[PDB]
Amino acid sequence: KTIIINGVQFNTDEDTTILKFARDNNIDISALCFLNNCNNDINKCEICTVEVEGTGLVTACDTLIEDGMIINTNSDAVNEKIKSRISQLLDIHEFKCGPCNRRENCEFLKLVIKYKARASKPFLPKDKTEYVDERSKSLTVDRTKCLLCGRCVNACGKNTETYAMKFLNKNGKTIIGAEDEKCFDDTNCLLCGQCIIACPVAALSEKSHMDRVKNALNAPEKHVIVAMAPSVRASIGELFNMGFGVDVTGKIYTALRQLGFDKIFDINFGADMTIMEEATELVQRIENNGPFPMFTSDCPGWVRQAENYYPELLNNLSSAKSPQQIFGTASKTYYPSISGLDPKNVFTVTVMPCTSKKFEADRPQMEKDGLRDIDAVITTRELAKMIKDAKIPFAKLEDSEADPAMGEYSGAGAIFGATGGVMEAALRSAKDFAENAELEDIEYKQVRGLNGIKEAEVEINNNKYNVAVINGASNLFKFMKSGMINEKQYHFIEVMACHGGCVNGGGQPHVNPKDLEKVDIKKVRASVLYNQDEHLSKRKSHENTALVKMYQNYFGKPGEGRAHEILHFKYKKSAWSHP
């Protein structure tokens, strides 16, 4: 097939779209609603408009190339069509970039600038109350910014297959939202925030916890603890023009101190706690010959998936709390016992690449004696803004260290952020626990990587066991519906709602679509974590010295006693009822 684009002749064999073909040959074509290899098929944005001689204006993003095509991507007719579309989008868009949360990295703004489009009449609604939905504990919607591009709808379908994000007909007009315009929390929604990640504007955002955090630091009698997730140190640098795959761990500790936090800890410590409890439980089940399989319980998106679609699996979940909640429980119990602080005055803040983490934190029973495990959860994005609002020169900061007591971590805890991380981490301890040995070879590369469903046979104390890593919520549905769960007897299964693991969470920095093709964001972010694991001296959660002292002096033996009493959490299926 022979193609000519802007006068340049091409003789290729590729079967693909005009748009794909163009980008592969450094030919510029704008796009808006095209993402994840799909566009808005019932309301095409037409930003990708090109002209095919002998046919007219077409959409490049979903039109295949064809021998004999003469294509003009930059004619006046093309640009005025594109300009017209952007102008009409402006007609329903509160174009006030000043206090906007996507103002530094908005796709729509870049399009408005590129084509110099203006609205026929600006959209300045008086009362945004009717446009804003902040009911949810994890997500919020601002429909003054919504372009109706359907990227959230498509991403939810592709990433989770729940189709929790829908087009709705509100009073005769089209919006996006949850089923019957309910609060997402009350629907089958996983609160994974993959919809936010797909959004080209500030229409979708996390539920802000920043006021919680600010009030706590300004409150005289509050002792504010902060602890970031594995993934944060591997990605927050992106929002400070530092590039991708940059370890900024030390800079973060410094930034957090300058922000005024009273204690600097780390969720990787909690991750090591989770392994202590979860490896112990697995070994218990190995020698009780069940119940099998045990599922991980550290992903609140997956927890909600189970609660909403597979409640019969709830009893198979590990009782161990997530690194966030298990750290939190210790922060109100253990940490006062070694600091002299009144438990009531402790305010525990986590930094997460996750929106679902907010819902997990505000679960009614995630507390004891009136004290929440976790009082506030801010996303990676929220922390970035916080650092910028404080005008802290992040890229120029010098490295500091976390406070040891609940800040030290092993290599096992560090790789939690990647898909298969919990699996590898857990196996390192469980094998040592069951074999009563200090084992040399601890790398389980078979459970790593971006394959959606990953399996492996492991041999623990002279017995072969089957494990599986489920990489993404859509892949959970696949694994269960396809009957893969019954093809063999699995013993330990990891499930992460976000493909790639937490490094690809809904609270992570947005990445521009062109950069997404440019850089494998899931593997590059996770590489930071694995590199830490490789160069840490302690690579097993039970070799965490600060953790070992904690169990020795306070909790005792994991899996039983006081440790099982307050560090665990069990999910309950609803009893049978009609109707």
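We number the residues from 1 along the sequence you see.
Averaged over their C-alpha atoms, the temperature factors of 275-283 and 415-423 are higher for 275-283. Averaged over their C-alpha atoms, the temperature factors of 460-468 and 226-234 are higher for 460-468. The PDB entry assigns its highest CA temperature factor, among 477, 269, 123, 302, to 123. Of the candidates 446, 187, 205, 72, the one whose C-alpha carries the top B factor in the deposited record is 446. In this PDB entry, the Cα temperature factor of residue 166 sits in the bottom third of its chain's modelled residues, the lowest group. In the PDB entry, a CA B factor belonging to the highest third of its chain's modelled residues is recorded for residue 431.
Among all modelled residues in this chain, the alpha-carbon of residue 350 has a temperature factor (C-alpha) in the lowest third.
When the CA B factors of the chain's modelled residues are split into thirds, the value for residue 104 lands in the middle one. Sort the modelled residues of the chain by CA B factor and residue 291 lands in the highest third.
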